[PDB]
């Protein structure tokens, strides 16, 4: 057996102070560089092991040996996402029921139906950019977040956040962003029962209240209406689990819509923000992506068929997902006593953190140029070893939204490369802000129209 490495210690507090930082994933990536494919992490009441190699993670991805664990991050989000699919244990009845009912709604076939609604928000973004005055710049994450939140709103619940009509975000979103921020702040908050956080707790309960009232209202209205809008809310009110014959209740539907609205905010827009960033830093890659867009997107508004044809744009999103996965870690627990890589023995209940950005830089898999933006790496999926590329997590607890997120990102990116030339006018220096997700903070561009009509 190997004694696995541990990073620097702080007497009683062990390693806890290393997560007392505004960029913990990046801090943890630098520790991985030093310590390698596994290190232990202790804190007063807990212990976790961080994996970085395809070698160890491919075993952790064995669902017969490891199941999804709720991280302290997920337990904190659970306070408003409840037993939604994202913050439920594999063994909760509402996980499997909601999973069986919703999978058909998130299928690559179901994308045919969402396409029109997605095109409606993508067109809103293109027109915003066509209507900019000369020398006016684009705030990339902010406009990408407008598109992604509006798209999950419209396609899911037939609800228009109308993000391209406002400076200040919708009220639901104000409360959701503040709630997610409270949840992320609680991780490194020592003495959280101190009365200084009474305004945090009071505000937290209000933000929860806002989210529940607005979503429960959406759900009440829809049932009272009787309208059969082809969308997630409809599928969830009419759906029945093949296994147990039961439908989701109204409270659990709410949790799913809250989970979807979290997922489709900065988590999804992150992918577009990192993609456009990599594209403008790598002009020969942008040029090739734009040539595909122009060749494939011959109609004034793209069809579902043409999006499937944007293969190089698909490879660009995968390569952005390799370097900066916007849900950068997920937690597993050993279902039984077991041995990882023949070296490190684990007792039943032991937790693993998978460090996805570090997996994606494993040079044994990707070779020596792992820091380079080469979409060509993804030309053949059969040449890529098992469990090498995990931006969407693993097995039955993988991202149900993967097809939706990739379809919207392919459509939108395609339309952006067809309609505009891009300028990195500030020569932007990457600064990755860490919240519940990752985003290139302050990332700005200019977009010259090619003056191609949408009509």
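Residue numbers count along the first chain shown, from 1.
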Do the CA atoms of 318 to 326 or those of 290 to 298 have the higher mean B-factor in the entry? 290 to 298
Between 63 to 71 and 41 to 49, point out the one with the higher average CA B-factor as the PDB entry records it. 41 to 49
Which of these, 223, 254, 160, 361, has its C-alpha atom at the highest B-factor, as the entry lists it? 223
Among the candidates 127, 259, 269, 205, give the one with the maximum CA B-factor reported in the record. 205
Assigned third (lowest, middle, highest) for the C-alpha B factor of residue 429: middle
Third of the chain's Cα B-factor distribution that residue 14 belongs to, per the entry: highest
State the tercile, meaning the lowest, middle or highest third, of residue 435 with respect to the CA B-factors recorded for its chain. middle
Going by what the PDB entry lists, where does residue 156 fall on CA B-factor within its chain: lowest, middle or highest third? middle
How does the C-alpha B factor of residue 265 compare with the rest of the chain: lowest, middle or highest third? lowest
